[PDB]
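Only one structure is covered here, and it is reproduced in the block below.
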Amino acid sequence: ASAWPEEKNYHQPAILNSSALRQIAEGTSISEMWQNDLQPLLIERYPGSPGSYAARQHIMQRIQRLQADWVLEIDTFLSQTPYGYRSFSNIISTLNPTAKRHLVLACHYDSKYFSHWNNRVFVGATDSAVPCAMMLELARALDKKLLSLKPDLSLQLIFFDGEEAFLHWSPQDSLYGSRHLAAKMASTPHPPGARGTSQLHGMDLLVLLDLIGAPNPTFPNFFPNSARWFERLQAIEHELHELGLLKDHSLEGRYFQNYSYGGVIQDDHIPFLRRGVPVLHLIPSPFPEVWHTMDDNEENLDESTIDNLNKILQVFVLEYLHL
Amino acid sequence: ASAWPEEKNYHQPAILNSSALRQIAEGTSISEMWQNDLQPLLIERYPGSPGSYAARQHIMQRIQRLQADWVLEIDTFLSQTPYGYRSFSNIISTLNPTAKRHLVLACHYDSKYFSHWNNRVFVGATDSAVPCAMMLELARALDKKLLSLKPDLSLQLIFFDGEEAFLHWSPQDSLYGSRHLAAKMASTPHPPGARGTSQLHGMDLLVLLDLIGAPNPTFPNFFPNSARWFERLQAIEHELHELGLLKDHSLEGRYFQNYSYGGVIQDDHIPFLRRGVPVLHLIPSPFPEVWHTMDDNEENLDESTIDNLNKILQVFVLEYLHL
Amino acid sequence: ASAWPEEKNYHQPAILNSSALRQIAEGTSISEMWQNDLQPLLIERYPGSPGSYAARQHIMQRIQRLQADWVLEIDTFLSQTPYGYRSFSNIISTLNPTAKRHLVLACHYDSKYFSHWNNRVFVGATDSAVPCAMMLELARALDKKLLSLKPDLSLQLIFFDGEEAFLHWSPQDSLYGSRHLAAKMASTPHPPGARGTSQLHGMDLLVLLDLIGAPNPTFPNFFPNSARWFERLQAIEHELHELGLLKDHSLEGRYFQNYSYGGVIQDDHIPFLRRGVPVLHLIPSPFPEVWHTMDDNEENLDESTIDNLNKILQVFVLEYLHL
Amino acid sequence: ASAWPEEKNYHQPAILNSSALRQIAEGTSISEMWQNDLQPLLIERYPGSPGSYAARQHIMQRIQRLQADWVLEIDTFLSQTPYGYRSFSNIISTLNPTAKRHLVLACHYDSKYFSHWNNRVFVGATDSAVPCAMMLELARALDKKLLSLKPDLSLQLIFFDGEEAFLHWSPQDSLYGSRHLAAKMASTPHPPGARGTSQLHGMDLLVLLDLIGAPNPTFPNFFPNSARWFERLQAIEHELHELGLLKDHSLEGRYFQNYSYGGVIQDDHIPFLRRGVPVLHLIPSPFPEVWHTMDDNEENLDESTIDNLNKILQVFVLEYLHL
Amino acid sequence: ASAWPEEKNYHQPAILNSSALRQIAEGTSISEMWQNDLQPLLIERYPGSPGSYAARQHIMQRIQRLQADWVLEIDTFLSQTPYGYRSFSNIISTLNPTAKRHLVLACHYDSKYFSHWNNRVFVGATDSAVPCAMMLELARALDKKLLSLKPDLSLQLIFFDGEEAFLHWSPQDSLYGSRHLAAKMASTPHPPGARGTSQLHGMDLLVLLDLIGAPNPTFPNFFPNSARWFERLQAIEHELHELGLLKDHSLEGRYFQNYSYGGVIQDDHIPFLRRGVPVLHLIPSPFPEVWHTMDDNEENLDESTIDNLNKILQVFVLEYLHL
């Protein structure tokens, strides 16, 4: 158990400049996101459905066609549920799997099982297709900058499956994808041949996106081992603003407002947190008004707020990686 | 498994017009409740105890005497405790027990055990005699309308026994009547005949009333699968206010404030929450000042705040049941 | 000059002991107030009206009948208004008119002129009949302790006339009675014979009551030069509370919360504030909901808040005067 | 006098049902407003200038073209500035000028004077070109209904000139146009012939729109004498939200928050406030981030918000006018 | 059982008069503490390190050298970890081991484990060296009034070992020391020979200090079985300030603000709280900014604040113990 797993604790960012930041804002397109990356996912897609495979497919296509060398794996597994053994599949996409340290972005790509009602279907526009698209669009924008990876640090995306409960929310029935992936990663030497260090050691920070796409989001600072990273998002939000690069956005309505949170949301991060992974949980409090209703559709998304979180996060992420 | 277990997700209320709302508000007497439904319960009544039987008896007596078809059950049972096994007895009172779906109102009729001090005795008026009496008085004031039940939905009242620790707060030592009732219903088919679905699948909402009856309470919006039902309690409070139907009450001192709450309080709902029942926890934050002290008596209850909440709850219930 | 004009800055109260707080609390009766002091005032009573007179006479009769040596001035006077010259009548009751220094309580005994609208008349029970009676009740309950005045410091009460605009709020039309007195006072020498000091140099503190009687009031700390007396009002609420001597009260519904207030509220203090009197302005923010409507009546007064304030006010006084 | 000037104190809105409110939302077009009402006004248009005359022509045109018998004036006048006697020109558009009572909407069409700088020009998008287009867009979107006026009360719109300081904001150099009309109207008896009542007695309510157009406004409740009407804007806003009729909106970013404000803001309402007209000051606090900067332009206006406020305001007026 | 173990529920404090408050203030020297108590604890001191031993014996010499009859104990023990079985040594110092009841104060004497970075070492000044000292200095400062213990109630201190995770926070890898000592007290009868009552029955209250020493702490009121003692820490801070006995202190920066908390903090009290011991968790929220970084050094400790907290705590202990 060397010392590299503690570098995370001293990692510091490579702050960008007004000129770079300008380049970053102009290099992301919320409309190409909307059509190419997000509209394909707005379909029923609970675990094991045909939706799950169409969306699982859409995702890999969008990643497969970019220049950076993304090592997609599919992590199909079996688990009991209240309706019996079902088959889930997580999507992991790694740059430099051999890099010892990674920064991770993660969301969930299942949609909650619901029966149809008045012939509408639940599709989870904010829970969590926008997150999925955000991530996909971030690899698409930052592609040329992400070739530069050929500090030992790289980037992983993760699209978890079975996040949502099948029937009735509880530890036995939720977060099926993650730990799984947690427990699996916890028990896989890293780097290879390592002897005491798991892939979780190498997880520098896990940025979980969830419930994004409604208007007027407020993200809290949930955890102390990541507060400094949360503060970098505050600073980025503020700068992109002062340079004029955010859209319909005022500071009296920031997204990253410093406000500690009492309790804990259960979400895919809990399997990695209770293994001492640092988590930046970008889930808003309060949830959207359209949470878990058939109105979590596209009509009710805010394109401005997503373009904005996209700029911020893209920036966050290149400064993390010293790119 | 059919699709009726999800009907609840889309149930909307039958909002009363003004005329109606005055009619409900002239319909409840805090003074009747105060002396016929509540004062009988202000007695030491920890489990096993004699006021435990006396209280049980009383409660039943007051239901029995109503027109509506209230079906009473007892649910004597037995659990280990820090002072050894003891025998509890839940009261359930159901209308239309073959109705598939029910709104549940609930509270807890035991009283914490405390040795006597200075010749004083704990009777928990807010914890929870008043809630008890508020249900009784609801069953009374809306009798004639609850008749009209002969969408397949009725009402059910539960008065749990053993809410309180015997010694010291802890899972193994608390929540005796509810952890059992929730397990027992979770393993009873409903409707009778069913092959996939429990009586829990049938609980549309559990409205749990606890710690009520002190001046100036504020209840938060604890859970998002009942946020819309919370928002109706707000809407009712405002509209019953603007019509002059509430007493000693301003909107600057309202009870249902859109104030979400960090983490959780442990109470009789937990058993049901984790089995997937949506919960409206009418507990206040902060607790009353008398909480768990001899000083939690009548002399400290705001009669005016209870009248007002009777009114609110009774409207809520008529609106849920489309009465 | 001399240096008693500054004693007011160093004057400190004699705080009371639990035992004595009980006597004061037990010593006021809100029902003897409600009927003996207040209900007579719930009449139309605008300037020149016949109510102006019966309330004027009422107020005097009530004071006249106590044992302490209250000296009662009428300051009838003439001032121009939008409908022309009109006669007004300030009421001033004083103990030890030669005592160099006095603490002053004050309200306005007039009510706004509104025509009759569908058989409803305006009586201003908050604005300011209740404050009038609170003063009367204070003089009453403290009568026996107030004898003990045969620091050169006594008490004065002022019921102003003509506080309310006749037509439409403006400086030229409002505060007819306190614009007068403030200025007649600044130019009356005190004590008799003085040569560079006025009756205003002797106003230690003007405690002005306005708009009191609605539920859930909240009073700001308006001026830094009286803050410490407001801090004392806080302390007296708190302790009277901790001792069980308030009704329907909690600390989360405090009246005096040390929130400060931005701008100013014009009222009978202004003519004094602007001449350097220290003012303790007990007016709530926000105003009562019934402000300046025909619903500002007895129906919508909160008996228990008033009684709570009586006990807080009665204590602040005795403390200030060392009685 | 007569009784009628007090009518406004008892006047209640004719609340609209869901179907109505859907019609109104659908009746206004933000793009039509944008292209044909607001873009002509985004010019340098300070008093005297060619802008002011064009802007003035443009308002009249757009009014003239409508079916309701609007009565345009041009009150021109002369007043002394720090640079000497300059000529101004208010705009008044009235329906039914014998209508003894009017609800008045008003804003300011002048633009503040700035030297050109770095080849830019101040054009005052939010200050107040949008408020001018909103009032315009309301006269159009409600024309069919405003025609019904051939309670005696109609609608007047006022576009004030010279609101902005010439050199540096002082009571002498500011509000040229409103300080003028305030007086002119306070001395123009109403209705013709009257003998004690002016044109200001017949202002039920002045709704001043100022500095509207930026993301995330929050408007305070400035005056207790119009607070019942601010509440309705709260109510309207909420109901339109509940019904799907607002865009990129959340209740946690409400526009009208029951937040009362401290000290006063100087604007075109002051000449009318201190003369007794009740005012609804729809100005935001805090001001737009681009206040009095060259950056206050079309580019930084949030079309979504203005659309939402258009609808809210348009509803407010029908409800006031019983259409 | 017996009736002695409910006494905790009724204990009132012996509140100190101004005159003793001043002596207590006078009597603790922050400069003494810093030099004699705290500075020696500022070393790398994780479990089973030499620092640990150094740190461990030092504590004891500071208690050994006092005149009160403290009874040290080293409850050394072994436990499994992510790096093998290791050894841990609690420290407990009791006055009156046979006193049925005890006010316990505790903190943690380990340091997290960190590799050395840029030649820098983690010493944990807040976490929890300062609280270790504050506790020492409490006993120095209070030695003479403690001797008065030759209500059956005395004082205990506990310096837990192993609080901190070795690798990654987790119920398996944390709180070693308290989890041990909690179970061991749950399992020890007391007083000797009792047959149904354990040491934990005679923990009247557990006052846990953690993360103290940084600028501008704020401490929530975490539990209700202990709220009323928080209220006393609030009335103590108030009076000590209102008397000019605190330094660089304003009430708009109180340490104990009446803000309740949502979620929960894992710390060395958990094992006592879920066993029914009342806890006053004096951990601030938020955490120090320097938490678990190398900057948690002496340079970054607010000496004014610590001295202020020393006084509050010393008063609390005395009013509890009726000294």
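The first chain written gets the first letter, and so on, giving A, B, C, D and E; residue counts start at 1 in each chain.
Definition applied: a residue touches a chain if its C-beta (ideal position, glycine included) is under 8 Å from a C-beta of that chain, and two chains touch if they have at least 3 such contacts.
Molecules present, by chain and UniProt name: A, B, C, D, E = Glutaminyl-peptide cyclotransferase.
Counting steps between touching chains, the shortest path from chain A to chain D takes 1.
If you match contact pairs by residue number, over half of those in B-E turn up again in just one of C-D, B-C or A-D, and that pair is C-D. Inter-chain centre distance (chain A to chain B, centres taken as mean C-alpha positions): 40 Å.
If each chain is reduced to the centroid of its CA atoms, chain D and chain E end up 63 Å from each other. Rounded to a whole number, the gap between the C-alpha centres of chain C and chain E is 50 angstrom. For chain E, residues touching at least two other chains, in rising order: 261-263.
Residue ranges on chain A touching chain E, taken from their complex, read 3, 6, 9-10, 224-225, 260-264, 274-277. Chain B contributes residues 214-216, 218, 248-253, 286, 289, 302, 304 to its touches with chain C in the complex. Considering their complex, residues 114-115, 117, 165, 167-170, 261-264, 285-287, 291-292 of chain C touch chain D.
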